[PDB]
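> Protein chains in written order, with the entry's author numbering: chain B, 62 to 398, 404 to 425; chain F, 1 to 113; chain E, 1 to 115; chain A, 1 to 593.
All residues carry an ideal CB built from backbone N, CA and C; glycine is no exception.
Got a structure for you, questions after.
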Amino acid sequence: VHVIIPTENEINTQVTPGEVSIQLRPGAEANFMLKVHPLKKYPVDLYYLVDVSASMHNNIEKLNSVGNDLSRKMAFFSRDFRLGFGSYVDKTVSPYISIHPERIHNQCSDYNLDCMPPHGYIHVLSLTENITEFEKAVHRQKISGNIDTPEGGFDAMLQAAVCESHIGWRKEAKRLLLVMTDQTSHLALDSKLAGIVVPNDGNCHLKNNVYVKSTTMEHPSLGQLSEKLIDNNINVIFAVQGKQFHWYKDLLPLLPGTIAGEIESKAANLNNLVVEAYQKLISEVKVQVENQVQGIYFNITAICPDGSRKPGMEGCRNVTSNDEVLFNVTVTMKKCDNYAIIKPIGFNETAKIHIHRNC
Amino acid sequence: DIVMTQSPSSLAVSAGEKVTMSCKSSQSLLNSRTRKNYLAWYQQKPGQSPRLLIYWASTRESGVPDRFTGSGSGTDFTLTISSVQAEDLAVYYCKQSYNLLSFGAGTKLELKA
Amino acid sequence: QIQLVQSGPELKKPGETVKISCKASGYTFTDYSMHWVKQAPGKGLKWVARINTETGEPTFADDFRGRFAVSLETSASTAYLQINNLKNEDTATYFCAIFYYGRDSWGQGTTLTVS
Amino acid sequence: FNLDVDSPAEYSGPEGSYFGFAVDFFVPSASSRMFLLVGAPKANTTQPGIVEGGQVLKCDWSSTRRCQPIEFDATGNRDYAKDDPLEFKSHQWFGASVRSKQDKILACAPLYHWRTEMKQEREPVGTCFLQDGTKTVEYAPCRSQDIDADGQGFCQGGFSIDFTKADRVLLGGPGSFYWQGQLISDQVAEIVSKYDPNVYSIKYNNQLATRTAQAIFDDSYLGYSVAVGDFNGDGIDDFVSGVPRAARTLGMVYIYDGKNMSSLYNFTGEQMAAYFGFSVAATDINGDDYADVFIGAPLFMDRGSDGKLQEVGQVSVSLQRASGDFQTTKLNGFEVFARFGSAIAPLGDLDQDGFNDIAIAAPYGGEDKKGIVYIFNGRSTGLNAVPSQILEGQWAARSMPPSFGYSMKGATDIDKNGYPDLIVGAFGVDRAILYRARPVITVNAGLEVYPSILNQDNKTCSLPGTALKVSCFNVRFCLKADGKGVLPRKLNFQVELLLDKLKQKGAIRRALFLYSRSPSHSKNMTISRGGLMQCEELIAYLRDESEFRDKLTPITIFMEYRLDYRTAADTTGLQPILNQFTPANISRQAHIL
Ligand SMILES: *[C@@H]1O[C@H](CO)[C@@H](O[C@@H]2O[C@H](CO)[C@@H](O[C@@H]3O[C@H](CO[C@H]4O[C@H](CO)[C@@H](O)[C@H](O)[C@@H]4O)[C@@H](O)[C@H](O[C@H]4O[C@H](CO)[C@@H](O)[C@H](O)[C@@H]4O[C@H]4O[C@H](CO)[C@@H](O)[C@H](O)[C@@H]4O)[C@@H]3O)[C@H](O)[C@H]2NC(C)=O)[C@H](O)[C@H]1NC(C)=O
Ligand SMILES: *[C@@H]1O[C@H](CO)[C@@H](O[C@@H]2O[C@H](CO)[C@@H](O)[C@H](O)[C@H]2NC(C)=O)[C@H](O)[C@H]1NC(C)=O
Ligand SMILES: *[C@@H]1O[C@H](CO)[C@@H](O[C@@H]2O[C@H](CO)[C@@H](O)[C@H](O)[C@H]2NC(C)=O)[C@H](O)[C@H]1NC(C)=O
Ligand SMILES: *[C@@H]1O[C@H](CO)[C@@H](O[C@@H]2O[C@H](CO)[C@@H](O)[C@H](O)[C@H]2NC(C)=O)[C@H](O)[C@H]1NC(C)=O
Ligand SMILES: *[C@@H]1O[C@H](CO)[C@@H](O[C@@H]2O[C@H](CO)[C@@H](O)[C@H](O)[C@H]2NC(C)=O)[C@H](O)[C@H]1NC(C)=O
Ligand SMILES: *[C@@H]1O[C@H](CO)[C@@H](O)[C@H](O)[C@H]1NC(C)=O
Ligand SMILES: *[C@@H]1O[C@H](CO)[C@@H](O)[C@H](O)[C@H]1NC(C)=O
Ligand SMILES: *[C@@H]1O[C@H](CO)[C@@H](O)[C@H](O)[C@H]1NC(C)=O
Ligand SMILES: [Ca+2]
Ligand SMILES: [Ca+2]
Ligand SMILES: [Ca+2]
Ligand SMILES: [Ca+2]
Ligand SMILES: [Ca+2]
Ligand SMILES: [Mg+2]
């Protein structure tokens, strides 16, 4: 029984050792310290996923000021700041939308609004360094509408997170998915009402930047959603204007790597929300282990800068740059019968541990 | 279609007074599917094109000061100006967009002497 | 900033036809419908018609059919209101407008006088 | 533990119809034969102008295995005015929800739309067809003048239904009143009597229903799923209703008074978005004469030791006590994303032990996510948390998971043996499968040693062949057996008796049978069920002290028994099973002093 830490040149700047190899026997255990050191001045990819149902038009008009002002503020938190954009409304099926032939294209009945046809999820702008292009894409965004209060937020999020080749998420970046709304989202089983009884397979289904399984697959569960967000290393920021903010806030414990804040009634704090949320996310370090190796168990304790200890994926808070967090990782074998991955949530680097066994 | 009745046709005010004017629809302007009342108020100064003040009964438009408050529901809507200014002497109109767009007669504010 | 620019004043005799233009700028023309509103010289506003700039399909108010027509020239971002068989009752200022709440706008108003 | 999973009855419908989406049993009061009811909500019917209207099929069982549609509705879309349709039946999902009480079959179409008379709209009001005798009527409790979002316009009535033993129909309409949801309950007699095909909105006089409430209750979907049972001791079945998005998406289950709809009880979920209340059921699971409440929460995430959340699914089980209080425990599922608890179906007393048993599905579990159904036995202390039997789906996905276990119904005995059977749908493959319950045999196996105490010098008998004197003792064993339902009169048993086996293989056994000079003996026994214990006596002797590991040890006397399973079968080839909660291995000890 042993633990080997490679002395080869490392290929990770944040999480080290990025490769570990151990040898176990039943009843035996081995351990090591995993170091996680957050960096300063990350490349940052910020994608704006916006609820564009009629109730949101008041917040959408403020995204015209966000482009340049946010870019300036982020200059002190990032090295390379890119913006993207997309939108969602709901599933385009009864009872969520009108199916009347004269009102299929224009869900709203307010004759002062030439509203957009409803859609599940549409990608509008790939992540780009060009701020003007972002503002342009926003300026020309039209408002839609639907009938039922809740929106198809979680379904759009999964596609935005999964369809990496379309969004243009960089590996070399802190990936941020910002979701703007005012209402709560639909759940996976709510879709039964529309006659949708087929589970979301978690895959990417975009054609011409449009989600086309939106009417045949149900909404993803929180389980599926957190799994995909963590797997694709995407941090999520919720920006909610209504009283429903608290609904989203109280789901945070179920969705690791997620933060939420409030949009003011005047929607004057959109940039402050993003910057503050960014600063809060970068200050929290927690890990989880993906263990597919049968007979192996893990017990990880975080050791924080103040000497306190926090078990499992509770992690450490009020962490800065030039500040290392240690994770005390013990691996034990209980029974005879591959590798496991230990990774910080919201980080691109992972530590792969290979487990060799004999009995 | 929907006839909007606005009253009074003229209302004299003194600067600093609270002034109210109202508009009554022929039918409900409330959209059961949105819970919103599709009524808006406009201000028209003489010699100028009109400007939107309030939409959806009580939602205030950008650039409009908070002395202009809208309220009401169903068929009965009110526009109230708290501490009316000398610059607010204009004709105000109620508009509905529940069906085809339609305007009321309008209320002209006059100054007391 | 969205602007709407209308043609200048028109003077017509009874029975004549007038075509009033409204040129749009600051937004994509085909994005929002164009509304026309009639203001008689001393009365309130009357909505006349709207045209969907994407499809060219007009909708008229009950009191303004037959004598009124609305058309588009999308290549020049311009909407037109045509009034046939002008009567003395048609004297008014005719405005073109966008009522989209996020960004409403009005033209300067075209003055039409019928002798 | 007694379902036959080797020889089930398999049924199938048209491809893409979702045959098996919803299942029930059809048992006419005096037809002598029974049918299965299997829905197919997307089926292409022969109706003039209706696409994927949906249908319900009546499936036979004895002899061959064939299904035929029930003509609840054999027409097209009725007009309101020339070239102006009143109703839209295409894609109405008829057969999505089916229930039957004896001869009465109620089948619903939750996605049925109509225009209303006031304006030309298309609202998903929902309708049901009630068939009894030779008459069929349309029941449309939400097709009223109270329309649109603030009314019943988006009701989707018929989304979920049940029957009240008092001959009332319980119907959930989750979209009523801004999706607050509504329960509507009416009499069968009123529904059938007050019917006129020229009237679209029909009032009933003995109708009960929930009403509107404050906007704080919007988007709760009350009436998502319903069940019935007596929760106040009035002799009148009350109404149990899931409200999965209630209380800030914790989910709730409400129980309303079956006589006047006053609310009686309120159950709440613990975890947001677990969708507590997805499905509900009620049954007496502990023999207390009080209905117990079973509430599913298919998306529940069970936190592990490291803080990781695994989506497994949970079922909350609460027992009703005389005081009106409930005693609640929690049953967690077994597999991630299997959605355990998405379907709950009381089986009645499946194993005839005096307590009702229940099936809980996990439609996306098992290998390849074929779907699993878990059978849990009841008992006086509440449901046994450990499943006794696991049923796996038998088909591969073609475009979507078979979703075996998505819909289930039990507590009906089709093969007429006293043990109720279970129908399980698997709509992803357009199939339905009926599992039949095997008879259960309780066995009384006795073993005695005369005397248990002996020694090497206590020579009491002689060996066969050559009369050498040895120490001896007698070992007796006997067996009686019976069951409660229809079992073969003659039960063929195999028994084996072993002596002094508690030692290393190859070791010398000291206690041997006289006639065989052997540590083992077996016999073919025929036991009349309900008869006398059949007894046998074998004589054992000890080897002397020339061949031994020790002189003073315990002697184990061990008996094992099992069924033959070659002659033990009824006319359908259904074999009985031994009670799985009893040992078939018993022992006594003898000692050398
Ligand atoms: C299981 O859980 C459910 C909730 O999920 C619970 O049912 C709810 O019960 C409450 C009452 O406790 C319902 O709230 C209201 O109840 C009053 C009855 O009178 C009581 O409350 C008033 C007001 O506080 C007191 O003055 C009085 O002394 C009593 O305590 C009803 O009269 C209310 O009706 C309103 O709605 C009607 C139309 O829908 C209106 O016509 C009527 O005027 C009321 O309007 C109110 O709201 C208006 C704003 O929308 C406001 O402008 C009005 O002025 C007024 O305030 C109302 O029913 C609540 O609705 C029930 N919810 C549901 C979903 O049924 C069960 O009791 C509980 N069961 C168990 C066993 O625990
Ligand atoms: C950033 O995006 C803007 C907007 O597309 C680019 O500016 C345009 O440049 C083209 C010529 O290639 C002109 O025809 C357009 O009229 C310009 N638009 C505006 C709004 O000014 C700009 O060049 C891009 N910059 C970079 C570095 O990619
Ligand atoms: C994770 O993100 C970091 C950036 O914070 C990446 O590190 C950079 O990689 C590029 C490409 O080799 C170098 O040019 C930069 O100088 C590196 N930055 C620093 C601070 O060293 C890292 O490569 C990413 N990880 C993975 C696996 O892609
Ligand atoms: C990391 O965890 C290990 C235990 O897995 C700690 O090692 C133990 O330290 C205590 C106190 O000195 C000894 O009594 C144990 O015998 C040690 N353990 C084993 C398992 O051999 C280690 O000190 C921890 N490191 C930090 C930095 O907290
Ligand atoms: C019921 O009939 C409809 C109409 O024929 C079938 O839907 C068609 O399927 C074909 C093959 O994929 C398409 O090319 C047609 O365009 C579809 N038509 C319509 C109107 O959807 C439907 O699949 C049939 N369903 C069942 C269960 O048999
Ligand atoms: C994991 O470590 C914690 C201390 O942080 C300890 O309390 C817990 O019992 C350990 N768990 C296991 C399974 O060893
Ligand atoms: C904890 O956070 C506060 C800001 O909320 C900061 O001022 C303080 O210095 C932090 N503490 C440490 C030890 O970094
Ligand atoms: C419903 O019936 C029960 C009978 O016990 C009675 O106590 C209760 O007050 C009744 N409620 C209503 C609303 O009639
Ligand atoms: Ca919606
Ligand atoms: Ca009762
Ligand atoms: Ca009970
Ligand atoms: Ca039982
Ligand atoms: Ca049976
Ligand atoms: Mg919305």
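My understanding is that residue 549 of chain A touches residue 507 of chain A, with C-beta atoms under 8 Å, so please give their C-beta distance in whole angstroms.
Along the fourth sequence, read from residue 1 onward, the residue named residue 549 of chain A stands at position 549. Along the fourth sequence, read from residue 1 onward, the residue named residue 507 of chain A stands at position 507. Indeed they touch by this definition, with Cβ atoms about 6 Å apart.
> Could you please give the first and the last residue of the uninterrupted beta strand (DSSP E) stretch that includes residue 406 of chain A?
Reading the fourth sequence from its first residue, position 406 is the one you call residue 406 of chain A. Run containing residue 406 of chain A: none; DSSP gives neither H nor E here.
> Quick one: list the residues of chain E neighbouring residue 268 of chain B, beta-carbon separation under 8 Å, in chain order.
Mapped onto the first sequence, residue 268 of chain B falls at position 207. Near residue 268 of chain B there are no residues of chain E at all, since even the closest Cβ is about 23 Å away, more than 8 Å.
> Suppose the cutoff is 6 Å on Cβ atoms and the five residues either side in sequence are ignored; what does the same chain contact list for residue 111 of chain B look like?
Residue numbering aside, residue 111 of chain B sits at position 50 when the first sequence is read from its first letter. Correct list, in chain order: 148 and 241.
> List, in chain order, every chain B residue whose beta-carbon is nearer than 9 Å to that of residue 29 of chain F.
To locate residue 29 of chain F, count along the second sequence from 1; it is residue 29. The contacting residues do not exist; residue 29 of chain F stays about 10 Å from chain B at best.
> Do we get a CB-CB distance below 9 Å when we pair residue 14 of chain F with the residues of chain A?
Here residue 14 of chain F refers to the residue found at position 14 when the second sequence is read from its first residue. Not one chain A Cβ lies under 9 Å of residue 14 of chain F.
> Considering only residues of the same chain and omitting the five flanking positions on each side of residue 356 of chain B, which have a CB-CB separation below 7 Å?
Indexing the first sequence from 1 puts residue 356 of chain B at position 295. Residues of the same chain with a CB within less than 7 Å of the CB of residue 356 of chain B, apart from the 5 flanking positions on each side, are 394, 395, 396, 397 and 398 in chain order.
> Counting only runs that start and end within the segment 161-211 of chain B, where is the beta strand (DSSP E) found for 3 or more residues in a row?
182-189
> Which residues share a DSSP beta bridge with residue 420 of chain B?
Taking the first residue of the first sequence as position 1, residue 420 of chain B is located at position 354. DSSP output for residue 420 of chain B lists B/82 and B/405 as bridge partner(s).
> Could you check whether the Cβ of residue 87 of chain E sits closer than 9 Å to any Cβ belonging to chain F?
By one-based count along the third sequence, residue 87 of chain E stands at place 87. Judged by the 9 Å Cβ criterion, residue 87 of chain E is not in contact with chain F.
> Can you name the start and end residues of the alpha helix (DSSP H) that residue 248 of chain A belongs to?
In the fourth sequence, residue 248 of chain A corresponds to position 248, counting from 1. Segment 246-249, the alpha helix (DSSP H) holding residue 248 of chain A.
> For residue 120 of chain B, which three-state DSSP category applies?
By 1-based counting over the first sequence, the position of residue 120 of chain B is 59. Residue 120 of chain B falls in the helix class under three-state DSSP.
> With C-beta atoms as the reference, is residue 446 of chain A less than 9 Å away from residue 493 of chain A?
For the purposes of this step, residue 446 of chain A is taken as residue 446 along the fourth sequence, with counting starting at 1. For the purposes of this step, residue 493 of chain A is taken as residue 493 along the fourth sequence, with counting starting at 1. No, they are not a contact pair.
> Given a threshold of 16 other Cβ atoms within 10 Å of its Cβ, counted over all protein chains shown, does residue 14 of chain E qualify as buried or as exposed?
Translated into the one-based positions of the third sequence, residue 14 of chain E becomes position 14. Classification for residue 14 of chain E: exposed.
> Using only the alpha-carbon positions, how far apart do residue 302 of chain B and residue 354 of chain B sit?
Numbered from 1 along the first sequence, position 241 holds the residue referred to as residue 302 of chain B. Numbered from 1 along the first sequence, position 293 holds the residue referred to as residue 354 of chain B. Taking the straight line from one Cα to the other gives about 44 Å.
> Does the CB of residue 83 of chain F have a neighbour CB from chain B at under 9 Å?
Here the question's residue 83 of chain F lines up with position 83 in the second sequence. Among the residues facing chain B, residue 83 of chain F is not included, as its CB has no counterpart in that chain under 9 Å away.
> Closest Cβ-Cβ distance between residue 149 of chain A and chain F: below 9 Å?
Your numbering for residue 149 of chain A matches position 149 in the fourth sequence. Chain F, which has a Cβ nearer than 9 Å to the Cβ of residue 149 of chain A, makes this yes.
> Throw me the rounded Cβ distance for the residue 225 of chain A and residue 209 of chain A pair, which I believe falls under 8 Å.
One-based indexing of the fourth sequence puts residue 225 of chain A at position 225. One-based indexing of the fourth sequence puts residue 209 of chain A at position 209. About 17 Å; that fails the 8 Å criterion.
> Just jot down, in chain order, the residues whose CB lies closer than 5 Å to any heavy atom of ligand 2.
B/191, B/193 and B/194
> Rounded to the nearest angstrom, what separates residue 325 of chain A and residue 264 of chain A at their Cα positions?
Position 325 of the fourth sequence, counting from 1, holds the residue named residue 325 of chain A. Position 264 of the fourth sequence, counting from 1, holds the residue named residue 264 of chain A. Rounded to whole angstroms, residue 325 of chain A to residue 264 of chain A spans 11 Å at the Cα level.
> Quick one: is the Cβ of residue 573 of chain A within less than 8 Å of any heavy atom of ligand 13?
The sequence position of residue 573 of chain A within the fourth sequence is 573, counting from 1. False, no ligand heavy atom lies under 8 Å from that Cβ.
> My understanding is that residue 391 of chain B touches residue 408 of chain B, with C-beta atoms under 8 Å, so please give their C-beta distance in whole angstroms.
For the purposes of this step, residue 391 of chain B is taken as residue 330 along the first sequence, with counting starting at 1. For the purposes of this step, residue 408 of chain B is taken as residue 342 along the first sequence, with counting starting at 1. Not a contact, Cβ separation roughly 12 Å.
> Name, in chain order, the residues that DSSP records as bridge partners for residue 237 of chain B.
On the first sequence, position 176 is the one that residue 237 of chain B refers to. Beta-bridge pairing links residue 237 of chain B to B/107 and B/296.
> Please list, in chain order, all residues of the same chain as residue 192 of chain B whose beta carbon is under 6 Å from its beta carbon, the five residues on each side excluded.
Looking up residue 192 of chain B in the first sequence gives position 131. These residues qualify, in order along the chain: 128, 129 and 132.
> Give me the chain E residues within the contact set of residue 164 of chain B, using Cβ-Cβ distance strictly less than 9 Å, ordered along the chain.
Start at 1 with the first residue of the first sequence, and residue 164 of chain B comes out as number 103. Residues of chain E passing the Cβ test: none, with the nearest at roughly 14 Å.
> Tell me residue 96 of chain E's beta-bridge partners as DSSP assigns them.
Working through the third sequence from its first residue, we reach residue 96 of chain E at position 96. Beta-bridge pairing links residue 96 of chain E to E/36.
> Compare the C-beta of residue 67 of chain F with all C-beta atoms of chain A and state if any pair is closer than 9 Å.
To locate residue 67 of chain F, count along the second sequence from 1; it is residue 67. It does not; no Cβ of chain A falls within 9 Å.
> Give the range of the alpha helix (DSSP H) segment to which residue 333 of chain B is assigned.
Taking the first sequence and counting its residues from 1, one reaches residue 333 of chain B at position 272. From DSSP, the alpha helix (DSSP H) with residue 333 of chain B extends over 331-342.
> For the alpha helix (DSSP H) that contains residue 551 of chain A, what are its first and last residues?
In the fourth sequence, counting from the first residue as 1, residue 551 of chain A sits at position 551. For residue 551 of chain A, there is no enclosing alpha helix (DSSP H), as DSSP gives it neither H nor E.
> Thinking C-beta only, is residue 386 of chain A closer than 9 Å to residue 340 of chain A?
The residue you call residue 340 of chain A lines up with position 340 of the fourth sequence. The residue you call residue 386 of chain A lines up with position 386 of the fourth sequence. Taking 9 Å as the Cβ cut-off, residue 340 of chain A and residue 386 of chain A do not qualify as a contacting pair.
> Three-state secondary structure (DSSP) at residue 239 of chain A?
Here residue 239 of chain A refers to the residue found at position 239 of the fourth sequence. Under the three-state reduction of DSSP, residue 239 of chain A is assigned to strand.
> Only counting the same chain, and skipping five residues up and downstream in sequence, which positions put a Cβ closer than 7 Å to that of residue 346 of chain A?
Along the fourth sequence, one-based indexing puts residue 346 of chain A at 346. These residues qualify, in order along the chain: 281, 283, 356, 358, 410 and 411.
> Tell me, which residues are paired with residue 72 of chain E by DSSP?
Position 72 of the third sequence holds residue 72 of chain E. E/79, per the DSSP bridge assignment.
> Which residues, in chain order, does the segment 31-53 of chain F contribute to contact with chain E at a C-beta distance below 7 Å?
49, 50 and 52
> With DSSP as the reference, label residue 307 of chain B as helix, strand or coil.
Position 246 of the first sequence, counting from 1, holds the residue named residue 307 of chain B. Looking at residue 307 of chain B - three-state DSSP - the assignment turns out to be helix.
> My understanding is that residue 234 of chain B touches residue 104 of chain B, with C-beta atoms under 8 Å, so please give their C-beta distance in whole angstroms.
As a position in the first sequence, residue 234 of chain B is number 173, starting the count at 1. As a position in the first sequence, residue 104 of chain B is number 43, starting the count at 1. The pair is a contact, with the Cβ atoms about 4 Å apart (cut-off 8 Å).
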